[PDB]
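**Q** Residue numbers (the deposited numbering), protein chains in the order written: chain A, 341 to 388; chain C, 147 to 194. We treat Cβ as the ideally placed atom computed from N, Cα and C, and that holds for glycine. For reference, the structure I am asking about is given below.
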């Protein structure tokens with residue numbers, strides 16, 4: 341999703357359903373490849 | 147009966163599918179579709 345070919349519009353957003361899998365989120369927080377990283381209600385290290 | 151090849155034609159499982167939450171597909175294999183007559187030779191028991 342982050343490295344997708346092209347993103348959708350603000351009113352017809354491409355909602356990707358994610359289920360039955362795992363993923364590292366601390367690497368995304370420390371990826372140094374994002375402009376905005378704002379998590380509300382939960383820390384990026386807590387949700388891991 | 148004849149010129150058989152035991153090939154699949156009809157797939158009448160369902161009409162449509164939407165709002166999927168789980169998906170899984172096993173590795174490719176070749177099922178023994180050879181239709182034989184007589185007594186029962188295999189017993190596949192399952193519990194759900």
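Would DSSP call residue 359 of chain A helix, strand or coil?
**A** Translated into positions along the first chain, residue 359 of chain A becomes position 19. Note: residue 359 of chain A maps to coil in three-state DSSP.
**Q** I need the boundaries of the alpha helix (DSSP H) containing residue 160 of chain C, first residue and last residue.
**A** For this step, residue 160 of chain C is matched to residue 14 along the second chain. First-last for residue 160 of chain C: undefined, no H or E at that position.
**Q** Alpha carbons only, please: which of A/381, A/361, A/360, A/376 is nearest the one belonging to residue 342 of chain A?
**A** In the first chain, residue 342 of chain A corresponds to position 2, counting from 1. Out of A/381, A/361, A/360, A/376, A/376 has the C-alpha closest to the C-alpha of residue 342 of chain A.
**Q** How about the region 353 to 372 of chain A and the region 162 to 177 of chain C: do they share at least three Cβ pairs that are nearer than 8 Å?
**A** Taking 8 Å as the limit for Cβ pairs, the verdict is that the region 162 to 177 of chain C does touch the region 353 to 372 of chain A.
**Q** Classify residue 176 of chain C as helix, strand or coil using the three-state DSSP reduction.
**A** Locating residue 176 of chain C in the second chain gives position 30, where the first residue counts as 1. Reduced to three states, the DSSP call for residue 176 of chain C is coil.
**Q** Rounded to whole angstroms, what is the Cα-Cα separation between residue 369 of chain A and residue 351 of chain A?
**A** As a first step, residue 369 of chain A must be located in the first chain, where it is residue number 29. As a first step, residue 351 of chain A must be located in the first chain, where it is residue number 11. Rounded to the nearest angstrom, the two C-alpha atoms are 27 Å apart.
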